[PDB]
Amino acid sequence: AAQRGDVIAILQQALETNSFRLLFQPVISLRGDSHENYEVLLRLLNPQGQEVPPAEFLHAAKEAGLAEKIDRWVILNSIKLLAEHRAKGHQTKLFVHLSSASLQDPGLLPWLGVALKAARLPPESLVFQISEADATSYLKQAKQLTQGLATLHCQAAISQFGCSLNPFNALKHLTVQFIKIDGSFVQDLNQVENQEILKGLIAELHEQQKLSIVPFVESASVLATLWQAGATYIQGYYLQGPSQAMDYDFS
């Protein structure tokens, strides 16, 4: 403490030394399956110990075009970690992020079509999370992707939802099961109007048989508010923050 580094170099390095640190943050059910649901996050270690800020290294990956490759790393390890977990008696789902790069590249889903069945990973055991931004920007390719995943018995999820001018139009074309509401709706919950906004959103999503995930549950009070709002899924530090191990007791 404290220091710096060539993050692009460290990225290209960690792709080989496999220095990448995989984290998990549980997604809790309120109205959905029992199951076990983790969102997998990616943290990176600098050569001298401390971890580099995720915004910084995520941008590094995009500046070097590395994006998709990094995704393919995660997607790999996750599956392995899943084969170690699903074949341990727990039936769990993983929420894995996809970058715009991975979204656009057509070779992704074929490449994936050699990795799962290499570990005999159960159907509907994997959820690919793409931002609403990347969803709207590259819509066609998103549609194609999600339909492919549908054929491969995987599930789609859209994060940071509810920000685009007409957030729902985007839905009409792609095959998505989970919708993860943007944290902006969870802002200023002490006011009733906001709660009503949230409830309206989640209800609209429920008419469309989508599974509402709401992040940032930071107190029991907030959990209450979100249950009242009708969120079918829920995620927060008060439940459990990002951790090294898929440890969370779901009962």
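One-based numbering along the sequence shown.
### Task
Identify the stretch, either 141-149 or 174-182, whose C-alpha atoms have the larger mean B-factor according to the entry.
Looking at the recorded C-alpha B-factors, 141-149 comes out higher on average.
### Query
For the stretches 125-133 and 105-113, which has the higher mean C-alpha B-factor as given in the deposited record?
Mean B over CA atoms: larger for 105-113.
### Query
So among 235, 232, 228, 18, who wins on Cα B-factor in the entry?
So the option with the highest C-alpha B-factor is 18.
### Task
In terms of CA temperature factor as recorded, identify the highest of 75, 163, 98, 118.
Comparing C-alpha B-factors across 75, 163, 98, 118, the maximum falls on 118.
### Message
Looking at the temperature factor on the CA atom of residue 33, which third of the chain's modelled residues does it land in?
### Response
Highest third - that is where residue 33 ends up once the chain's C-alpha B-factors are sorted.
### Within-chain third of residue 23 by Cα B-factor, per the entry
Middle third of the chain for residue 23's C-alpha B-factor.
### Task
Determine, from the deposited record, the chain-internal third of the Cα B-factor for residue 10: lowest, middle or highest.
Answer is lowest: the recorded C-alpha B-factor places it there.
### Message
Please place residue 219 in the lowest, middle or highest third of its chain according to the CA B-factor in the PDB entry.
### Response
According to the entry, residue 219 has a C-alpha B-factor in the chain's lowest third.
### Query
How does residue 199 rank on Cα B-factor within its chain, lowest, middle or highest third?
Middle third by C-alpha B-factor.
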